[PDB]
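The first sequence lines up with residues 609 to 929, 943 to 992, 1075 to 1109 when you count with the deposited numbering.
Idealized CB from N, CA, C, for every residue including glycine.
Worksheet: one structure, shown below.
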Amino acid sequence: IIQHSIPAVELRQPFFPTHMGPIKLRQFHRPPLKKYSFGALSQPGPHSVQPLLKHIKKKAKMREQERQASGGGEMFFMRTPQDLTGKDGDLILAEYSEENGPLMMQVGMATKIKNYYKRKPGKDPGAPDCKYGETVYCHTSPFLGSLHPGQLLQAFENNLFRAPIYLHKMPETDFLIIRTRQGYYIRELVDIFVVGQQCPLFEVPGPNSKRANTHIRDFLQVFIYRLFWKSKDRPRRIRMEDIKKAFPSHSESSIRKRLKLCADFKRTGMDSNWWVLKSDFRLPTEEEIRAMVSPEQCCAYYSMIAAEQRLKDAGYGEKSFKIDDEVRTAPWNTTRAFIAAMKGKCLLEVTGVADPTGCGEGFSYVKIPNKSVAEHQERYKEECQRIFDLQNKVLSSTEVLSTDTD
DNA sequence: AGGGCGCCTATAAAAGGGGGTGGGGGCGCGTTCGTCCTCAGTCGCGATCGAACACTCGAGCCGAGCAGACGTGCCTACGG
């Protein structure tokens, strides 16, 4: 059970962008430092980097007191955008080995760490302890390969994906800088996980699929309801211009569709007119709005449009998505293939063009039929096992390489 | 107790059975070989079932056009 932060659950901006142009899609999950137009750090010259130690201790203390003040047990702390800052709480880094994994979290979403352990035969004294995560004793593997007896494997686990992770040490040279309009802050950060290839648990839709079109529609609908809720006017009213600015690729006519059932156009002598909430229309509750569209569904959709943009950039037209190698790497194909195989509907290529590492240390998620048929499945498991073990060994290794001069 | 007289030894030849010994043939029984049958396995042929592909129909979405309303500008008429 995953409980996301309130800003994420509410699909607030900027945590959940309403629109992304080509540039943003290319930079998806890699935001570049952009200059500020105003505020302290818009100014030239040196700027102080501030310590956070007193602040970190204080927030931990305040949070624990709030915990004891009601009057123990479990509390949920991620209620406001302010609670999501890197400025307090314990922090880890996670570095993703896939250049563009099929699903990624937005800021404000939650994930668990699970410590998968397989018992040694006979008298097992229990799993080793880890600094992070909750131990899970598993007789069957949640991955493509099987755990060996006595093997502990850490992993990220959420509704988008499961992925093995490997704990490493941050280099002694490195610090985390947090940057706001107001100043820089610095934190020590020692724990950094390498993330291995994802096992997708959520299916990414194809471009212009019914699923995709239903999603943008519903997301637009949610944004609209939230606009009415934000309005302080009675009767509530919103401006077309504000919707168009958030959804610049929607025609005014398609926006009028979403508005015709809940609101009335009020014309004024000025090129700004209002849509006023109908007096017999009951605005959906917070709880009902949340049920309309989940953060996971937004993540699936984002994955599609970003991939679609990268494909266009590489010369692959919409008619391409009998199929080109590059199109096989698309998240709508890889997630579909992996999930089908998880349900026993087919097997996976494993060795193939969709291996995200390009060098045999990752899996190619491409459907092959279940179609000597005990040898067919034993060969699939053997190959899965080999790559599974290879990935764990390479990504957990502390060996120092050796810059490639090419 | 001893002399003579009986028998043995050797020679030829015939008569005919009968008896004895050895070899061959015939007859009967058993063994071996061949043929047939049965069983099992494999291959081929035919029929039936399942899967895949194609075609048709319906629904939805998008776009374009028209109408209405509002605002602004220009011209004409009315009022002071």
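Following the continuous beta strand (DSSP E) through residue i, name the residue where it begins and the one where it ends.
i: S985; result: 985 to 989
i: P772; result: 769 to 777
i: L885; result: 882 to 885
i: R847; result: 845 to 847
Who are residue i's beta bridge partners in DSSP?
i: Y704; result: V803
i: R795; result: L784
i: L968; result: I989
i: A616; result: For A616, which the question treats as bridged, DSSP gives no partner whatsoever.
i: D872; result: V884
i: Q658; result: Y793
i: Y924; result: Its beta-bridge partners do not exist; DSSP assigns none.
i: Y724; result: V744, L761
Which residues mark the beginning and the end of the alpha helix (DSSP H) in which residue i is found?
i: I1090; result: 1076 to 1099
i: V948; result: 946 to 949
i: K920; result: 903 to 921
i: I897; result: 894 to 900
i: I960; result: 952 to 963
i: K632; result: 630 to 634
Buried or exposed for residue i, going by 16 or more other Cβ atoms inside 10 Å?
i: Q1094; result: buried
i: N816; result: exposed
i: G804; result: buried
i: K726; result: buried
i: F783; result: exposed
i: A763; result: buried
i: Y724; result: buried
i: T955; result: buried
i: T972; result: exposed
i: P990; result: exposed
i: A975; result: buried
i: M686; result: buried
i: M683; result: exposed
i: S705; result: buried
i: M912; result: buried
i: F1091; result: buried
i: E970; result: buried
i: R957; result: buried
i: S985; result: buried
Once DSSP output is grouped into helix, strand and coil, what is the label at residue i?
i: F827; result: helix
i: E672; result: helix
i: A763; result: strand
i: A718; result: coil
i: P808; result: strand
i: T743; result: strand
i: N821; result: helix
i: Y833; result: helix
i: residue 1061; result: Between 992 and 1075 the numbering of the chain has a gap, and residue 1061 falls inside it, with no coordinates.
i: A648; result: helix
i: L692; result: helix
i: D850; result: helix
i: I610; result: coil
i: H627; result: coil
i: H637; result: coil
i: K840; result: coil
i: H663; result: helix
Taking 6 angstroms as the cut-off, is the beta-carbon of residue i closer than that to any non-hydrogen atom of the ligand GTP?
i: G629; result: The ligand GTP is not part of this structure, which contains no ligands at all.
Would you check if the region 1076 to 1084 and the region 824 to 832 touch, i.e. whether three or more CB-CB distances between them fall below 8 angstroms? no
Contact between the region 661 to 671 and the region 629 to 649 (3+ Cβ pairs under 8 angstroms): Verdict: no, contact absent.
Between the region 703 to 711 and the region 899 to 914, do three or more beta carbon pairs fall short of 8 angstroms? yes
Should the region 876 to 892 be called in touch with the region 830 to 842, which here means at least 3 C-beta pairs below 8 angstroms? yes
At least three beta-carbon pairs within less than 8 angstroms, the region 773 to 793 to the region 840 to 858: no
Does the region 691 to 702 touch the region 884 to 899, meaning 3 or more C-beta pairs lie closer than 8 angstroms? no
Would you say the region 910 to 922 touches the region 893 to 902, given that touching needs at least three Cβ pairs under 8 angstroms? no
Does the count of Cβ pairs from the region 713 to 722 and the region 611 to 619 closer than 8 angstroms reach three? The answer is yes - the region 611 to 619 touches the region 713 to 722, with three or more Cβ pairs under 8 angstroms.
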